[PDB]
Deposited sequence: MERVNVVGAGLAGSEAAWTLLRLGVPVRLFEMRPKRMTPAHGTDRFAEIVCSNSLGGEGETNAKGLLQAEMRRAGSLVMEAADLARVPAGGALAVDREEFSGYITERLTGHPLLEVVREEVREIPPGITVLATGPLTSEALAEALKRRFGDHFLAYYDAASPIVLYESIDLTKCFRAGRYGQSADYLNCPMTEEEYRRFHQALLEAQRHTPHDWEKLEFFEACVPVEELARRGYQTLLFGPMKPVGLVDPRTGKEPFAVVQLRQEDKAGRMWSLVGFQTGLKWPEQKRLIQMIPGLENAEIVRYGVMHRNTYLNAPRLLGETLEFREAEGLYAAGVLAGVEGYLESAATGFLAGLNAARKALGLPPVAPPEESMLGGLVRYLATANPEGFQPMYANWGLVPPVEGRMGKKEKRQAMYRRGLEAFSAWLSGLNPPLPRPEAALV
């Protein structure tokens, strides 16, 4: 009503607030630091970078590169701060963390339409409100969210298995079927006893992580994620010794995860192991497995592609809380949530970028992905439609970059009111 609330002044909240301010909407920005600190933060600055100083690859074949370009086109404060705080990095956008957060803090605090409240928010603020409290959302607010939307719709940890691009799978080595109690729609990669022997040992030499389960017993994976019972390999007419199952994560079916392969392994180790699996020898991993302390919402059950809560008009989520991972992804979802909150205040319906753009692909995934055990997502090429034709993958990716950027730009140009 009076000011739009933004809760959390991290990557997402800072961009959401800036977007609101640019559109002339008064903001009340809550930040608990430094009255209360998270386990990861060390300063009282807005948009503090808590770990790596990289915002991702800048290249035209890089999905993060496309998102960076989109955010610049959008006039992002995070991208402005990043460009001005650049430090050397081959192919990646990397920043002087202190200069980055210092600049953002000064530009926001200096804005006449911004009120900053240095307090912990313990209940969802009434009115028009963007929640952007991040992976270390205070326990009070996490509790409040559980009370409002359901215990099972907020997680405190992620445990994500690797997701591969469907088109990169050798389907001649797989079969579609389900075990007892499963959908008949899982993809099954059968393995012989000898193949399992080598795979098990590889896991040892590389929620409980799958590699740890393997360490605990030879048969543990065979009772669990690699269980073959109730499956018949059409090729042999027999039950396989073991399988790796894949399940569809996205609505479009471009993105399939390895079932029960949540892992904390280094990304290069994950790639090497995955490519041992029959059918996945040349698989392209678009989202690597991780296991982190990470508070986030079940976006597919709770949020629209507009980042507005489906059952709470004028309430939005952005950043890690909304189900993304990455500084840039958090800033970008902050932009969209701030944009839609501003539009709401003004009496205009919410918007979302096209499925061809990286931000559009990201938020559409959040809203439409498989809700069961939903895990966070970062920018990747699986999120957008393929490029048809018989070109090389590099050329195809460049085409997806150009197509997405043009589509995002056209979308921006159509906005009324326009971003100044």
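If you line the structure up with the deposited chain, the stretches without a C-alpha atom are 207-222, 437-443.
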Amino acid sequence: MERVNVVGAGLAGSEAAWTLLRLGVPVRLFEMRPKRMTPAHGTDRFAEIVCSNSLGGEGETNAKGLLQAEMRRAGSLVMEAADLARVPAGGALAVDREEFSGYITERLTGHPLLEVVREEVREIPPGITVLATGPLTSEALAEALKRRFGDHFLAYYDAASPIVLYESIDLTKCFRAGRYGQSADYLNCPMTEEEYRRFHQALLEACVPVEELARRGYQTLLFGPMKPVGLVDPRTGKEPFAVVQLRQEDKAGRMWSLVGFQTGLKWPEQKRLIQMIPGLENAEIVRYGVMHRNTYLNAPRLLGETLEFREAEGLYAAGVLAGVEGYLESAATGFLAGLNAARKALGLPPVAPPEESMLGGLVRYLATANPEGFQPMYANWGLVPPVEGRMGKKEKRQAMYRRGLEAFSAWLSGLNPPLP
From here on, numbers count along this sequence of modelled residues.
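Once the C-alpha B-factors are averaged per stretch, 383-391 and 347-355 rank with 383-391 first. Higher mean CA temperature factor, per the PDB entry, when comparing 108-116 with 242-250: 108-116. Of the residues listed, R216, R72, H152, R86, the entry assigns the biggest Cα temperature factor to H152.
Annotation for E143, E80, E325, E195: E143 ranks highest, by Cα B-factor. Ranked by Cα temperature factor within the chain, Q68 sits in the lowest third according to the deposited record. The PDB entry assigns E139 a C-alpha temperature factor belonging to the highest third of its chain's modelled residues. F199 sits in the middle third of its chain by CA B factor, as recorded in the PDB entry. For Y288, the recorded CA B-factor ranks within the middle third of the chain. Only modelled residues enter the ranking. In the deposited entry, the Cα temperature factor of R176 sits in the top third of values across the chain's modelled residues.
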